[PDB]
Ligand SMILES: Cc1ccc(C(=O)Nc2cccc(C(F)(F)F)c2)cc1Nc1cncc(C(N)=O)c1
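In the block that follows, a single chain appears as structure tokens, in the form solved without the ligand.
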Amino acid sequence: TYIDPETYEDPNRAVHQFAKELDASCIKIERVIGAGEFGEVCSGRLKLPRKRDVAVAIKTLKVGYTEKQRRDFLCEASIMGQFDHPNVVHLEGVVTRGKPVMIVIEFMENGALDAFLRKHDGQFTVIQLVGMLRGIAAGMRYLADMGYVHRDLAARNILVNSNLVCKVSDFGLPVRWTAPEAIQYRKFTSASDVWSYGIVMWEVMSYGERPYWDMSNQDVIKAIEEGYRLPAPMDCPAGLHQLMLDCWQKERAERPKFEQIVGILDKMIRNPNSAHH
């Protein structure tokens, strides 16, 4: 059920096809909470026909844009808007023509996962962490069987809410996240995403540590070709590191599938101590 919008003769028919246009009147900007690649990402609320008010985040497109940057920008909203699943950020709608140009997404109060973990270092138990990864897996099983390949899967592109529910984000357009076949031959697949997931798995348990630390990309690739793989972060159960290695199998077939993953991680939250097998 996933159509690409860059398979479109108009890119701004995809936008309106999958995204609900919103009235700016109904949108409140309150704070800044980052700079997106296109325009200040702000936090705020949106007013629906009587539902208290939704807490939303607001990607802006700054003015004096190329009619292109607008297309690029909104090709995020055209994609994100086609997915409905708990562990994939909910689109609320867009502001295309008429008013300041905006993608109104659901508010994740905790921000990107890499940052949220670096700040809460050691504060989370191994069930809770397995639970956070469990969500992203759920996220990607959905996207996967929707026919979508993320390409840029990383802990900075997962977002966390008040309830520590992680959801997949960044739907637009990163060597140490990318699989060998994808780096070398652009063979981006839901297998290459599982590799990236593996790296996310390490990022989580490490609590937001940079993959491969300060190894150059050059070093990281040679490292991987020699068969180097990352080790069990402090306190990470061995079986859980093992899953990381499966995700990092060189033969992309041999990796587990996102459904297989969700499966394994569930056992571990079910019987934790088995996570050392």
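Start at 1 and count along the sequence shown; that's the residue number.
Missing from the model but present in the deposited sequence, between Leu173 and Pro174: The entry has a long gap there, with 10 or more residues left out between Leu173 and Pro174.
Higher-B stretch (mean Cα B-factor, as the entry records it), 240-248 or 56-64: Between 240-248 and 56-64, it is 56-64.
Residue range whose averaged C-alpha B-factor is higher in the record, 231-239 or 43-51: Per the deposited B-factors, the answer is 43-51.
Relative C-alpha B-factor of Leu129, binned into the chain's lowest, middle or highest third: Lowest third.
B-factor third for the C-alpha atom of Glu92 within its chain: Answer is middle: the recorded C-alpha B-factor places it there.
Lowest, middle or highest third - CA B-factor, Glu225: According to the entry, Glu225 has a C-alpha B-factor in the chain's middle third.
Record-listed C-alpha B factor of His150: chain third: For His150, the deposited C-alpha B-factor lands in the lowest third.
For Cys75, the third of its chain into which the C-alpha B factor falls: Its C-alpha B-factor, which the entry lists for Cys75, ranks in the highest third among residues of this chain.
Unshown form solved in complex with the ligand; subsequent notes refer to it.
Steric status of site, the ligand superimposed as seen in the entry with it bound, threshold 2.4 angstroms to backbone or C-beta: Judged against the ligand in the entry with it bound, the pocket is blocked.
Interface membership of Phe171, the ligand in the entry with it bound, 4.5 Å heavy atom rule: Yes, contact at 4.5 Å.
Heavy atom of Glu106 within 4.5 Å of the ligand in the entry with it bound: Yes, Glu106 sits close enough to the ligand in the entry with it bound that at least one of its heavy atoms falls within 4.5 Å.
Touches the ligand in the entry with it bound: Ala57 (any heavy atom, 4.5 Å): Yes, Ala57 sits close enough to the ligand in the entry with it bound that at least one of its heavy atoms falls within 4.5 Å.
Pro180 within 4.5 Å of the ligand in the entry with it bound, heavy atoms: Flag for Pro180 set to no.
Full three-residue contact with the ligand in the entry with it bound, heavy atom 4.5 Å, for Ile33, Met80 and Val88: Looking in the entry with it bound, the three residues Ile33, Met80 and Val88 all sit within 4.5 Å of the ligand (heavy atoms).
Partner-proximal stretch of 180-188, 71-79, 125-133, 195-203 relative to the ligand in the entry with it bound, 4.5 angstroms, heavy atom: Answer to the contact question: 71-79.
Contacting member of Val94, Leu117, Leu159, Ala138, with respect to the ligand in the entry with it bound [4.5 Å, heavy atom]: It is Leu159 that has a heavy atom within 4.5 Å of the partner.
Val220, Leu46, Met244, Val41 - the one with a heavy atom within 4.5 Å of the ligand in the entry with it bound: Flagged contact: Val41.
Residues within stretch 122-148 having a non-hydrogen atom within 4.5 Å of the ligand in the entry with it bound: Residue within 4.5 Å: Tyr148, and no other.
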